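2 protein chains.
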Amino acid sequence: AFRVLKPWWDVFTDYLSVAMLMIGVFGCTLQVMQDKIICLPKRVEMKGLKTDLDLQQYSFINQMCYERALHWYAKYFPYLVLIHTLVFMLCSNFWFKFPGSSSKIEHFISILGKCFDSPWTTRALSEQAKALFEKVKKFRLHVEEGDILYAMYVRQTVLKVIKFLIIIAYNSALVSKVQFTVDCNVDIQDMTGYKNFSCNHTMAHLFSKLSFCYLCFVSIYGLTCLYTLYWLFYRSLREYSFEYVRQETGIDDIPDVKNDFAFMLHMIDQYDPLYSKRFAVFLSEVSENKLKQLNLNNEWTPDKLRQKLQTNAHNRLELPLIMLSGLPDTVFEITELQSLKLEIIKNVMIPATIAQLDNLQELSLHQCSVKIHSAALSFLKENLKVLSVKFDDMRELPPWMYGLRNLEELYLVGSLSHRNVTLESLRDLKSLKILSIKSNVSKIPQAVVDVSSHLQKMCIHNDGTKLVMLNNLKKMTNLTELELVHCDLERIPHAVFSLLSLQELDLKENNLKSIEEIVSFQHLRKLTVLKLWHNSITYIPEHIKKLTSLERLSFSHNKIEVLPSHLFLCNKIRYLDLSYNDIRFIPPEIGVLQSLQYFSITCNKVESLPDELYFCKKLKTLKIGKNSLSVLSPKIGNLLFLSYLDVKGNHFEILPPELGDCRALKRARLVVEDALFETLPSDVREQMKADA
Amino acid sequence: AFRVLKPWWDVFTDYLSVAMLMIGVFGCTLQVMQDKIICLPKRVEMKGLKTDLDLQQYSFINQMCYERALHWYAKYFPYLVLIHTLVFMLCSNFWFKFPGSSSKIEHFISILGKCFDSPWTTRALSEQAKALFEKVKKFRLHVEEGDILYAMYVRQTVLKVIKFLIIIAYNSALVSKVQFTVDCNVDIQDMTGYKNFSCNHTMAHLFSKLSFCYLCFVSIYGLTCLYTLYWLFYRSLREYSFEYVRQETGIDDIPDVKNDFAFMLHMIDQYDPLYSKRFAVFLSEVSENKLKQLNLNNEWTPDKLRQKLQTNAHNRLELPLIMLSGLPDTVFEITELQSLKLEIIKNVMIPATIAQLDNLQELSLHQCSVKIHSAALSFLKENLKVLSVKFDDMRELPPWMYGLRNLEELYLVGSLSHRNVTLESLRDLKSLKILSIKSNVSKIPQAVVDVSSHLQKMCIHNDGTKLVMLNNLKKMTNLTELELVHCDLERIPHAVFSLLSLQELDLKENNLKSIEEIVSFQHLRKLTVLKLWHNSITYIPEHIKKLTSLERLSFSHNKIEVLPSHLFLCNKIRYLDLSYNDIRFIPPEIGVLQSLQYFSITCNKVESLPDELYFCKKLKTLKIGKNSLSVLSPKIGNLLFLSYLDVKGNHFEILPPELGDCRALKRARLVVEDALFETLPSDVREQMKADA
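Protein sequences appear in the order of chains A and B.
All letters in the first sequence, in the order written, are residues 16 to 59, 95 to 176, 236 to 527, 531 to 804 by the entry's author numbering.
All letters in the second sequence, in the order written, are residues 16 to 59, 95 to 176, 236 to 527, 531 to 804 by the entry's author numbering.
Written out as structure tokens, the structure is:
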């Protein structure tokens with residue numbers, strides 16, 4: 016604190032100053048004690099020379115000739131040395147005592163003491238100091254733009270030099286002024302009768318030697334100061350470069366430091382370089398990252414991870430990551446999970462340690478600007494089969510996923526056209545079969561055709577953008593199944609008819625009304641499932657009877673009001689969705705659809721129940737919903753395989769006990785009004801709720 | 016409490032004062048040791099000049115001539131210097147030696163240091238400081254009333270300067286007064302025989318030099334003090350404005366400080382700008398809010414939230430929040446719950462993080478001034494289907510909810526008419545299907561018409577204000593379920609007949625007496641449920657028998673005493689509340705009300721039971737209450753499906769065992785006295801209580 020700043024020569028000057036003050040005080044005490052110029056009158095077998103002067107006269111003569119004859123240097127030397135040594139001490143400590151420098155120095159000594167103290171420094175050179242990191246960077250921001258400390262030190266030393274020079278320059282000449290004997294021609298007569306006096310100065314000889322001795326001190330002092338001056342103008346401390354500790358521990362960080370930092374680090378080094386090396390760590394950003402990783406690993410343990418382990422949508426062991434900044438290493442201790450979820454973790458490097466986690470084929474990236482390792486990338490291209498990616502500003506999407514070959518299913522969340533898709537080529541995705549698109553691109557990009565060679569199912573669910581050109585869609589030769597949800601086509605495009613291998617088609621939220629292209633649909637004989645959700649279809653073309661291959665029909669939220677009889681000409685269908693439609697009556701041909709196993713007319717206008725409905729026993733799910741039926745035909749007891757029933761929201765009053773014959777149907781599958789359910793027999797409800 | 020108050024010039028003045036003290040004390044010691052006058056009689095080959103004076107006479111001459119001839123300043127210079135230096139010390143330290151100012155400055159330094167050490171300062175600039242914020246604001250309040258510190262400091266500096274002029278003024282004019290030699294004509298004749306004496310005191314010469322040196326010191330001192338004066342009249346220390354820190358850290362608060370606090374800031378800045386910079390962060394209100402939020406996040410954990418996670422009245426997962434400063438962010442981690450209960454939480458803003466909580470269809474806002482994020486607003490507009498708001502002064506109501514379209518059920522607590533109701537339009541509310549109102553609307557606002565297009569259910573339960581106008585009610589054509597609770601109508605309004613789509617009707621607490629408008633009610637052929645709670649209805653118009661669609665009837669707390677036969681003609685009714693009335697005898701035609709499932713005559717004067725009552729086996733609820741009955745007809749056993757019985761508070765003695773036949777009626781549904789219950793057979797009571 017009070018020591019680590021002064022190099023050897025500063026303590027040298029302090030010691031010389033203390034010794035100099037000792038010399039000066041010695042001289043002062045001697046002078047006060049015995050300084051007695053002794054005087055006699057001068058002008059004149096032998097006898098004495100009795101001058102008959104009483105003691106008072108002798109003291110008076112001594113005093114007078116002291117003031118007159120003795121040259122001022124011999125009189126004033128000790129106080130002079132006192133002043134000079136006092137000024138030297140003041141100017142030595144002025145660097146600390148001045149507040150402008152004192153603030154910076156106190157800040158620096160505090161921060162550097164704590165930095166040298168931290169054991170994480172030693173660990174890195176081979236837990237809470239990450240705050241000291243921020244303190245260090247704040248401090249260097251505070252003082253690097255100074256250099257006033259360098260100015261203060263240079264001024265201090267240069268004034269010391271000028272003082273030493275003036276001391277030698279005058280004192281060398283003035284030393285020879287002292288004389289042991291001395292003369293004085295004073296007009297003391299008329300009070301003693303004598304005019305010409307001789308005297309001897311007792312201290313003279315002593316002072317002479319003292320001066321000489323004192324002079325030696327000054328000489329040494331000056332040389333010391335000069336060296337400092339040389340050391341302050343030969344190494345140019347305005348800039349410092351580590352270039353050794355950087356090479357010592359082989360970390361290319363810690364580039365350089367600015368002026369005041371350079372100077373003060375130089376000072377500390379000239380005290381001891383060990384403190385400089387132990388300080389070198391905290392400027393390293395690599396050290397910062399490593400300390401962050403250690404701290405999070407201290408916080409992140411495989412226990413906590415396996416606590417959060419769960420199953421994804423695709424029944425896979427997955428660890429959610431909702432809000433982080435890096436990858437805890439403890440996850441690399443968990444090779445069992447085969448899915449991984451990451452939400453909004455930028456600035457992430459994927460290590461090769463994922464190679465330990467081979468048992469994984471699914472990954473999730475929700476707006477995470479993340480890059481990979483080379484071995485990590487190879488591990489992805491050789492192991493992963495499924496990937497879900499959410500992105501917002503294209504920054505979270507790095508290109509390397511376009512190289513993953515063994516991936517089989519892909520999910521995308523984010524707009525590309527912002531209307532051409534800024535989509536890279538989907539060619540290296542050699543094993544992809546499933547593609548999920550969540551964007552607003554008006555056109556299907558050519559990159560889709562880059563994967564069409566092995567693409568089996570591709571799903572686009574835009575936000576309402578129209579698929580303006582469907583030319584690339586016609587290239588989906590390998591496309592086994594096709595979905596066009598909310599593509600705003602409003603019609604049946606010709607591209608769909610280009611895919612004979614198509615099995616299941618959805619046009620949800622496309623608001624189709626004129627669907628007379630069913631003729632082209634009989635061109636596609638693999639069409640087993642057709643879905644027309646939320647479409648303005650108020651009428652059903654007769655060409656639907658020509659699609660024998662159909663197995664499932666979706667027409668929820670459609671303006672059909674009366675279903676034509678030709679609808680029933682395709683008995684192969686097993687699933688029938690007609691809910692939220694204007695349907696008011698069921699034609700009896702509902703009987704021929706024996707293979708039907710599902711039905712839904714929730715929130716429709718159906719008021720009557722044809723009895724042929726009770727002939728398709730394969731119907732296991734019935735959803736009347738909020739319709740206008742008022743009586744339930746007992747023929748419901750004929751449909752034993754009906755497992756689900758949704759008549760709630762209708763005008764029934766009493767439920768016939770024929771519901772007791774429905775073994776597949778229970779209260780779980782029975783959606784009825786509580787009052788209507790109460791009308792059922794006690795035995796029926798006991799058998800229906802449980803085993804009675 | 017000692018260092019940072021002194022800028023550089025104060026330290027310089029302190030050192031000059033110290034060194035001046037050194038000069039003075041050195042002079043004092045020398046004067047003690049050496050200051051002797053030496054005197055000789057003046058007026059008179096060469097010989098001695100014997101004066102034949104014994105030592106006593108010489109000493110007496112010394113005393114006399116020293117007292118007379120030697121000028122006082124030469125005699126007292128060191129003591130004068132000591133006095134002036136000491137006064138300088140005292141007038142320098144009078145700042146802190148005054149207790150009133152001492153408390154202020156000491157507290158200032160304590161809190162400033164503490165603020166400097168606070169790591170939360172660093173975090174903000176990037236735990237327990239929450240307490241320190243209050244101390245900070247209390248202190249700034251306590252000190253921004255002063256400026257006595259600045260005035261006293263100005264007084265100190267002017268005192269120092271004027272004393273400096275005084276010192277120079279007379280020392281310059283008296284320095285020449287000291288003289289080595291000196292003369293004295295003293296009339297000591299007849300006592301030592303001489304009159305003219307010459308003397309010299311040894312110190313004179315030295316003192317000259319000393320004075321010169323001393324002058325220089327004081328001169329420099331004055332110069333430094335003079336600078337302070339310039340520094341006290343050029344910066345206008347009455348005000349401090351950061352405007353750089355306010356720009357550096359980008360925090361627009363910390364406006365300014367008053368003269369006293371501004372002056373202290375100027376001092377600290379002169380010591381170091383960084384102290385003031387770091388201290389400014391604790392004046393930020395935004396920083397304080399962030400600290401409060403962080404602290405409540407520290408106090409709250411998702412486990413604590415899930416501790417009170419429960420079901421609401423409308424069976425939804427919800428967490429109570431009764432009193433808070435904001436949202437503990439942990440709530441954003443819990444997405445399963447679809448409703449949140451927040452009460453009396455002002456200045457809350459819901460971020461985009463609500464989008465994490467997609468499983469959401471209900472909400473609660475009890476007098477909470479809450480703003481929203483943009484993504485938050487979209488999430489409310491798209492996800493919510495039910496919502497509860499309590500507001501008091503329309504400020505807790507956040508207007509943006511008038512823009513939510515997908516909401517379907519909304520309940521409001523808070524007056525509107527206040531009787532002009534400043535209710536905003538219910539137009540952007542597109543998907544609403546259910547509405548509850550708790551206001552003071554004497555008028556149905558036009559805003560309801562903007563939701564009447566899509567309206568399905570609306571319930572107004574004003575605090576009793578008469579809904580005088582109801583033309584907007586006539587615009588509720590699409591309305592299906594209507595309730596008018598405590599609307600103080602006292603009569604059947606014509607607006608009700610304007611709503612043919614109406615299914616359920618309520619006029620509770622409207623205190624209707626004359627209800628002869630039932631004729632227009634059979635205009636409403638969709639009228640399923642009709643309620644007449646707490647009405648003054650003396651009797652029953654026959655037009656009620658003309659309501660074909662009657663299903664449920666309420667006559668709670670009415671002045672009805674005898675009921676007519678035509679009332680029973682609407683056998684379609686299943687619910688019949690007649691309690692708290694003057695009923696005494698039930699006409700036997702109660703039998704035709706076979707479809708009736710409910711009955712209540714509690715707190716009436718009924719004295720006999722027609723047996724045709726027991727014909728309506730559909731009657732499952734029976735609330736006789738406290739009436740004037742004495743015996744029970746065994747035909748109650750005919751009511752096998754009777755599930756409830758309230759006979760408590762009557763005059764029975766022994767009940768028929770036919771109660772054992774009623775399978776739906778058990779001991780729990782049998783509201784009876786215990787002594788009377790004992791009169792029943794043990795088998796019946798065992799069967800009712802348990803399965804024996």
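Here a beta-carbon is modelled for each residue, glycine too, at the ideal position from N, C-alpha and C.
Under three-state DSSP, which class holds residue i?
i, result
"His566/A", "coil"
"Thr714/A", "coil"
"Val561/A", "helix"
"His157/A", "helix"
"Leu446/B", "coil"
"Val479/A", "strand"
"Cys728/B", "coil"
"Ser610/B", "coil"
"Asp501/B", "coil"
"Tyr129/A", "helix"
Rounded to a whole number of angstroms, what is the C-alpha to C-alpha distance between residue i and residue j?
i, j, result
"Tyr353/B", "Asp381/B", "15 Å"
"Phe306/B", "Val295/A", "17 Å"
"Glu394/B", "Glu254/B", "21 Å"
"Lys386/B", "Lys247/A", "12 Å"
"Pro700/A", "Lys671/A", "21 Å"
"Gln615/A", "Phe609/A", "12 Å"
"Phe351/A", "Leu400/A", "22 Å"
"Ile695/A", "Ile713/A", "8 Å"
"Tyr259/A", "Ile275/A", "24 Å"
"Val704/A", "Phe680/A", "7 Å"
"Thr589/B", "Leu611/B", "5 Å"
When burial is assigned at 16 or more other CB atoms within 10 Å of the CB, is residue i buried or exposed?
i, result
"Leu319/A", "buried"
"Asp562/A", "buried"
"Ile481/A", "buried"
"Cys334/A", "buried"
"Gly39/B", "buried"
"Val59/B", "exposed"
"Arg344/A", "exposed"
"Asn492/B", "buried"
"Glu95/B", "exposed"
"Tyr262/A", "buried"
Determine whether the beta carbon atoms of residue i and residue j lie at a separation below 8 Å.
i, j, result
"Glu663/B", "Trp645/B", "no"
"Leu430/B", "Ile454/B", "yes"
"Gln265/B", "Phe144/B", "yes"
"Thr311/A", "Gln49/A", "yes"
"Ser448/B", "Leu474/B", "no"
"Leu639/A", "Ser661/A", "yes"
"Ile604/B", "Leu624/B", "yes"
Should residue i be counted as a contact of the ligand COA given a C-beta to heavy atom distance under 7 Å?
i, result
"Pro382/B", "In the structure shown, the ligand COA is absent, as is every other ligand, since no ligand is present at all."
Taking the runs of the beta strand (DSSP E) that are 3 residues or longer, which of them lie wholly in the region 294 to 346 of chain A? 305 to 309
Which runs of the alpha helix (DSSP H) fall wholly inside the region 368 to 454 of chain B and span at least 4 residues, in chain order? 368 to 380, 382 to 389, 394 to 408, 411 to 417
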